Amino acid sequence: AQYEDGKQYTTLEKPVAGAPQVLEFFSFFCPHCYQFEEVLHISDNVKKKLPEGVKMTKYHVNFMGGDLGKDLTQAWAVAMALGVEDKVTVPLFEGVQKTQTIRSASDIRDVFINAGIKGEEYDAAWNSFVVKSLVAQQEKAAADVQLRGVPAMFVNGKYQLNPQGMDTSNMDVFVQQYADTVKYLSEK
C-alpha cells in the first residue's frame, strides 16, 4: 500500500501525551461500530496484526443516544472495571440496535445479570468511584483528540485512522487495509 496522510490516516494537530498506543472509541448506538464488532471484528484483527504487548484500549462515547448514552458510557466503565467487556459487548449492541430492548439503565443492568455478572457486584461497581474515574477518563480521552464521531481509532495519540478512504468491495480486504494501516502507524 502507498500510505499517504489524508488517505488511510490523518495526523492530529496537537498530539496527545501519555496516550494509549492504540485507542478506539465507539458507541453502542453507532451503526458502523456494530459492524466493526459483529461482522468485521476490527479489534481482534488489529490485535492479531500487532506485536504481543501492544496496549489496545477501547472507550465508549457520550454524544450518541441521549440520556441512555451517558448510562452506556458508565456501563462500559463497569465492564472495564470488572473485566467483562467480552461478555456484554454483543448483548449491549443487539439490545440497543437489533431488538431495541435497551431503553433505560435498568435494561442495561438486566444485560449484565444475564451475562452472568452478579447483581450485587454490578450495583457496587455502578456506584463506585473507580467507575466514576473511568467515566471521566473516557470523556477526557475523547476531548483530548477533539473526537467528533465514531468509530475512531488513534495511534500513539498522533494518528487517526481514516476508514472512509479504504476499499469496501470486500469485508476482509477492508479489515486487512485497516489493520495494516494500524501496523504501519504503530511503526511510525
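Sequential numbering from 1, following the sequence displayed. In this text, the rigid core denotes the largest set of C-alpha atoms whose superposition between the two forms falls within 1.5 Å.
- Between stretches 21 to 29 and 161 to 169, the one whose Cα atoms sit farther from the displayed model in 5 other deposited structures of this protein on average is 161 to 169 (core-aligned, root mean square).
- Using the rigid core as the fitting frame, the root mean square C-alpha deviation in 5 other deposited structures of this protein is greater for 46 to 54 than for the other of 134 to 142 and 46 to 54.
- Stretches 47 to 55 and 119 to 127 differ in mean C-alpha B factor, with the higher average recorded for 47 to 55.
- In this entry, 103 to 111 has the higher mean Cα B-factor, the comparison being between 103 to 111 and 88 to 96.
- The entry lists C-alpha B-factors for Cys33, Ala141, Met64, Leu134, and the highest of these is at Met64.
- Remark: of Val155, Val145, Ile42, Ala152, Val145 shows the highest value [criterion: C-alpha B-factor in the PDB entry].
- The PDB entry assigns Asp180 a C-alpha temperature factor belonging to the middle third of its chain's modelled residues.
- Among the modelled residues of its chain, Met171 has a C-alpha B-factor that falls in the lowest third according to the deposited record.
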